[PDB]
Amino acid sequence: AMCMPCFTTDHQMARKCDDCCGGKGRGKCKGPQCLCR
């Protein structure tokens with residue numbers, strides 16, 4: 000499912016999740032999974 004992991008230890012996890020998912024607002028960190036909308 001996940002584009003990539005979300006690690007809380009990575010303070011830029013939301014930026015990285017958006018990058019994975021194509022840009023601003025496109026990725027959500029849901030616990031340990033980055034999910035694209």
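The entry's author numbering applies: residue 0 is where the sequence shown begins, and numbers increase by one. Don't be surprised by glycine CBs; every beta carbon is placed ideally from N, CA and C.
What number of angstroms, rounded off, separates the C-alpha of residue i from the C-alpha of residue j?
{"i": "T7", "j": "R25", "result": "19 Å"}
{"i": "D18", "j": "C28", "result": "12 Å"}
{"i": "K15", "j": "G30", "result": "14 Å"}
{"i": "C33", "j": "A13", "result": "8 Å"}
Tell me whether residue i is buried or exposed, calling it buried when 16 or more other Cβ atoms sit within 10 Å of its Cβ.
{"i": "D9", "result": "exposed"}
Classify residue i as helix, strand or coil using the three-state DSSP reduction.
{"i": "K15", "result": "helix"}
{"i": "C28", "result": "strand"}
{"i": "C20", "result": "helix"}
{"i": "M3", "result": "strand"}
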